[PDB]
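Okay, structure first, notes after.
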There are 2 protein chains.
Amino acid sequence: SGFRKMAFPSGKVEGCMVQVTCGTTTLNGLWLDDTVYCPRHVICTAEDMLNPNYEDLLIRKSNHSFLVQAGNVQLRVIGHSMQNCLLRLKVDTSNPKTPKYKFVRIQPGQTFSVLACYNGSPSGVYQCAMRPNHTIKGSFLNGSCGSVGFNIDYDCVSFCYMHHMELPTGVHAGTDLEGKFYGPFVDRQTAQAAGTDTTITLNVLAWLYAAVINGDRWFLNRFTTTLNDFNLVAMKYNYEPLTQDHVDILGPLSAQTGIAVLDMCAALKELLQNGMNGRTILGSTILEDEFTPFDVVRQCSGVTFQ
Amino acid sequence: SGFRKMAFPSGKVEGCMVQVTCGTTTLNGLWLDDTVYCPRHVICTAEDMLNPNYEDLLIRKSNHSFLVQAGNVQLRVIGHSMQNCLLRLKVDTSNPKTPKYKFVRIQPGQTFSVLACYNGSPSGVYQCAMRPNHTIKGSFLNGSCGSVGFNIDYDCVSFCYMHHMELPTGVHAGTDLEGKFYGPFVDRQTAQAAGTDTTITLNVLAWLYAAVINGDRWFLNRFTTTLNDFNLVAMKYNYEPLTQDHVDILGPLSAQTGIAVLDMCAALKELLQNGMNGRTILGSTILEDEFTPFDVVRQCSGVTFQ
Ligand SMILES: O=C(Sc1nnc(C(F)(F)F)[nH]1)c1ccc(C#Cc2ccccc2)o1
Ligand SMILES: O=C(Sc1nnc(C(F)(F)F)[nH]1)c1ccc(C#Cc2ccccc2)o1
């Protein structure tokens, strides 16, 4: 029993974190086989950020412009290229600790673990959701760029995020491991700001199923609803519209608890309209949206507390 | 910026998790040097739990009664002893992945990271506080016994918890790595239940300092309070009494923000009496108590957003 925001064990990722220095700038890189990945803005100094031309800034660099440190070991750069917003440094050593891995581009609403790192040293791990507005509410200080997000599937690390910047509201933006940004953000200091966010409906529903699996039914009701009628209430409360695809995804959870998706939607609608009446769900006083249907099946018992 | 329940990177602990089987019971053990630690109740079958005599149950076991699996490798038991509520199995191999470590007994209110494990395979990591009532609100399913709690200090792993059982309210109980229980709990199936809990005052205060360090001051006020006057409000709201020691501990945070501890206490008192007025603190609608003063200094910027 219980329910917590759980991260994946971070060991396989810890063994891949290095430090990358270019001139006066240091940040984290990711060492897989004989390549180190890092934010290209490592090449930018104390004025470049405002309007950098990375093509131009990089052509002026040599292989020995870059200092890569794996622990106390110094790695030798023997090549470099730019891939979108990432630098790809080739090194003379292959990381013996490289896990089985892939690079994936995660969709909004999906969750992953972040290994916060400073000077190539892991300092903490926590679970994040990719917001509908393509930001994450992380916990990052100066020096955290190059910290990565990931999921672990059996023995395979699916890397899906690399940290690049903080936006004015204190939220965070970055790229996939191909260097393409999530959201309309760019790696330069501009007026860019997070667009308006919405609550992740599908995740709230999954979480309500987790609460039932864990034995709680107080918020249920005898009503049902249609998709369209639900979505009118959804938009009033700034929730993402529910789609048939989302209903389909909730099938396994619906089957395990014997509660129809649209009946759970009627429950949510009531909770949204009436509030929670001083009561809690899975220890929370608010409706949580950073657990996916996958996260619930992963964490919750396969048998429900009927 | 941002503020999240952050766990320590779990790598050093992952490399220490093994599987221990006795008869039909399997759970997790901790492999440090040539010793495996695990809950002694691994020796108990499908009726022993009710009223087991561990001395008697253990004397009937040989070294080969115990099956220890580190990955796919089988470790050979070459000795065993009981230490309080733990078994101490000596093995023919020394764990090459043993980190620098110590065993510590944590105090109520303090926090640590839990590596949830099943069949000796780490599955997740999350941050927990030791409640005043000596339980933790973990996330555990059948097979999680032997999962450990820890803090990491530089290169040193301070182990402080091993999981033994779930109590009726769904909360969790276990021991330090000397096998002594936290709380009045025992490793047998009885009517034992968590005593009444209280909110960890010192942690709520630390967290209010974190909110200020991160730039938020809305909840402050022009009032001050005495310890005694605060504690009268504290007991009305089921908060731990504040002591001079707790005030002393909050010194560094108080200095960084320029807010007197007793002035922060007046703020808390107002928040307790008036509520939060639909507003949030560090993204929370409630007063959080699972971050210590240490956790705040670790996670927050050393310079405040004045
Ligand atoms: O702490 C951070 S994140 C960070 N700051 N430095 C690093 C390093 F690259 F790792 F060194 N990482 C921070 C502070 C301020 C900002 C910013 C910003 C910003 C806001 C709006 C538009 C463009 C840029 O990020
Ligand atoms: O899922 C768990 S924790 C757990 N259950 N099994 C293991 C194993 F040892 F790892 F195998 N760990 C569970 C379910 C039910 C209980 C219990 C209980 C209990 C409640 C009151 C008094 C004494 C015992 O714990």
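Just so it is clear: chains get the letters A, B, ... in the order the sequence lines come, proteins before strands, and each one is counted from 1.
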Original post:
Would a line drawn from the ring center of A/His164 to the ring center of A/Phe185 be shorter than 6.0 Å?
Top reply: no
Original post:
Is it true that A/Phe159 and A/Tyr37 have ring centroids separated by less than 6.0 Å?
Top reply: no
Shortest non-hydrogen contact from [X] to [Y]?
| X | Y | value |
| --- | --- | --- |
| A/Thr169 | A/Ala194 | OG1-CB, 4.5 Å |
| A/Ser147 | A/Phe140 | CB-CE2, 4.0 Å |
| B/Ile249 | B/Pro293 | CG2-CG, 3.8 Å |
| A/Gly29 | A/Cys38 | CA-CB, 4.0 Å |

State whether the number of non-hydrogen atoms from other residues, nucleotides or ligands found under 6.0 Å of [X] atom [atom1] is greater than 12.
| X | atom1 | result |
| --- | --- | --- |
| A/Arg76 | CZ | no |
| A/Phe103 | CZ | yes |
| B/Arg217 | CZ | no |
| B/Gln306 | CD | no |

Subject >> Counterpart residues, side-chain hydrogen bond (donor to acceptor under 3.5 Å, both in side chains), relative to A/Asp56 (two or more places apart) >> reply: A/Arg60
Subject >> Partners meeting side-chain hydrogen bond (donor to acceptor under 3.5 Å, both in side chains) with A/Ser10 (sequence neighbours left out) >> reply: A/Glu14
Has [X] got a side-chain atom pairing as donor or acceptor with [Y]'s backbone, closer than 3.5 angstrom?
| X | Y | answer |
| --- | --- | --- |
| A/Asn238 | A/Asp197 | yes |
| A/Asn151 | A/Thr111 | yes |
| B/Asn221 | B/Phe223 | yes |

**OP:** May I ask you to check whether B/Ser139 and A/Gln299 show a side-chain donor-acceptor distance below 3.5 Å?
**Re:** yes
Original post:
Between A/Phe8 and A/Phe150, what is the ring plane arrangement, given parallel below 30°, perpendicular above 60°, and tilted in between?
Top reply: tilted
**OP:** Check the angle between the aromatic planes of B/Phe3 and B/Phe291 and answer parallel, tilted or perpendicular using the 30° and 60° thresholds.
**Re:** tilted
**OP:** Would you sort out whether B/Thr224 and B/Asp263 count as a side-chain hydrogen bond (donor to acceptor under 3.5 Å, both in side chains), showing the intermediate values?
**Re:** CA-CA 5 Å; B/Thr224 193; B/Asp263 297 349; 2.8 Å; yes
Subject >> Working for side-chain hydrogen bond (donor to acceptor under 3.5 Å, both in side chains), residues A/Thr243 and A/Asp245 >> reply: CA-CA 5 Å; A/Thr243 68; A/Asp245 286 1; 5.0 Å; no
Could [X] and [Y] be called an ion pair, given the rule that one side-chain N must be under 4.0 Å from one carboxylate O?
| X | Y | value |
| --- | --- | --- |
| A/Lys5 | A/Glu288 | yes |
| A/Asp289 | A/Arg131 | yes |
| A/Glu178 | A/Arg88 | no |

